[PDB]
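Some notes on the structure that comes next.
Nothing in this text is a laboratory measurement; each read-out follows from the coordinates by a stated rule. Neighbour counts are summed over all protein chains in view; Cβ atoms, including those assigned to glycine, are modelled from backbone coordinates with ideal geometry.
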Number of protein chains: 4
Amino acid sequence: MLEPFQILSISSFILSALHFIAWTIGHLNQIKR
Amino acid sequence: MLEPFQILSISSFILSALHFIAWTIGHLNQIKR
Amino acid sequence: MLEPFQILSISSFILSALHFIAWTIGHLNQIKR
Amino acid sequence: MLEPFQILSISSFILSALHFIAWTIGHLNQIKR
């Protein structure tokens, strides 16, 4: 744990914020053009 | 009921549902427009 | 199906698969033309 | 290493990269048409 686990929880957190913004842009972009 | 980690489980709950409804809307629209 | 903890891992798990499939079909539709 | 929930965290890891890598590829479809 910690080396192979804590690195998963945090890694995923970085992606969560990444997809969160990539979603508002690609989603909002659809209804905008 | 931790704090730095409990915010990950809850944060994921808000995103999990947002994606569930967002997927049903953008996916359904994909098979129509 | 335990408290908001195990019931969350399962809920999300069911979504992980749903998104995986919808991705192979919705993505393939893109490379259809 | 755990065992029951173990394989669960792993599966999620595969999707974490599958989404980030797929996003970089499918995103181009948006800026291409």
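Sort out which residues of the stretch A:7-33 are among the hydrophobic types (A, V, I, L, M, F, W, C) and within 14 Å of the chain's Cα centre (by Cα), and write them in order of number.
A:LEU8, A:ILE10, A:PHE13, A:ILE14, A:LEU15, A:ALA17, A:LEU18, A:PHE20, A:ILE21, A:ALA22, A:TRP23, A:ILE25
Just checking, how many residues over the stretch D:17-33 are facing chain C (nearest Cβ under 10 Å) and closer than 19 Å to C:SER16 by Cα?
4
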